[PDB]
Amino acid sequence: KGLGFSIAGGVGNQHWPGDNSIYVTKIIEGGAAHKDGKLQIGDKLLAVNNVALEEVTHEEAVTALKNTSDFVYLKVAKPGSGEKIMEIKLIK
């Protein structure tokens, strides 16, 4: 990053007991994610580009974030919403 944010969670690395989801835990100031403004700390990462982030390890979630091009398509759910999915496009 790159995109200026950090994540926690993953299978075998649960951020809440019993939940395998990836979560944003840190958003760098004046970084790509921040400058856009849509992404918030606590948001669940559903998918990066065409790679689903449900039931993957933390390492796979990082790999998925590296192997975008400069063009990034994030799918995200806000904590306690819907389920409603939201798309966030970002440039590295």
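Throughout, we count residues from 1 along the sequence that is shown.
In this crystal structure, the stretch out of 81-89 and 1-9 whose C-alpha atoms carry the higher mean B factor is 81-89. Comparing the deposited coordinates for 63-71 and 27-35, the stretch with the larger average C-alpha B-factor is 27-35. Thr57: CA B factor in the middle third of modelled residues in this chain (values from the PDB entry). Among all modelled residues in this chain, the alpha-carbon of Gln40 has a temperature factor (C-alpha) in the highest third.
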